[PDB]
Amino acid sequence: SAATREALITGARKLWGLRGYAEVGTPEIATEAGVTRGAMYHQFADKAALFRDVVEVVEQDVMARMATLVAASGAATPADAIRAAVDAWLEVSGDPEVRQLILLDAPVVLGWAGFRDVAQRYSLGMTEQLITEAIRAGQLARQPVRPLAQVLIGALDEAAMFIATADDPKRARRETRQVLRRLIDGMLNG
């Protein structure tokens, strides 16, 4: 039953990641997972409840992958870490599974309140940390941390959404990246 929970999250994540929430039902997910409908329904009351758990694990991975790519950049100063985090988010957003589940399905299925709540829970802390360190190093002017975090999260989430539905995503990714890099380079002292 713990095993059943895990198999259901993994199967849902894989299938919904490829085909989207709308295109795969709970019976096909149960078959994929090798469990009965009665065991599925004991763990998840409906389609949407399984999807909320798929979103948590995917967002968990998005954040761990973000932290990995910033560490991998070899950013010495906070300013460079900030530059590396921007690039990392555009990299990770571009992953087809992240695009489908987080950018496209999640806002529709969780609704706005649910989606914002999740997106804040996973993003705010990293965002505030990067800012706080840049301020401590003197690479960013002292200013209210939470409001700047919030503004950057809005800018970066919107970037990702814009690329996700672009006629030409490779162009939109490059252009949006340049525009973010310029904005950041005008804010940062170093």
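Here, rigid core means the biggest group of C-alpha atoms that superpose within 1.5 Å across both forms. Residue indices: 1-based, along the sequence shown.
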Between 50-58 and 118-126, pick out the one whose C-alpha positions differ more from the shown form in 9 other deposited structures of this protein, using the rigid core for superposition.
-> 118-126
What stretch has the higher average Cα B-factor here, 100-108 or 68-76?
-> 68-76
Comparing C-alpha B-factors across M63, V55, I163, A45 in this entry, the winner is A45
What third of the chain, by the recorded C-alpha B-factor, contains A12?
-> lowest
Among modelled residues of the same chain, the CA temperature factor third for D157 = lowest
Could you say whether, by C-alpha temperature factor, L140 belongs to the lowest, middle or highest third of its chain?
-> middle
In terms of its chain's C-alpha B-factors, the third that includes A134 is the highest
Chain third (lowest, middle, highest) by recorded CA B-factor, residue given as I29 | middle
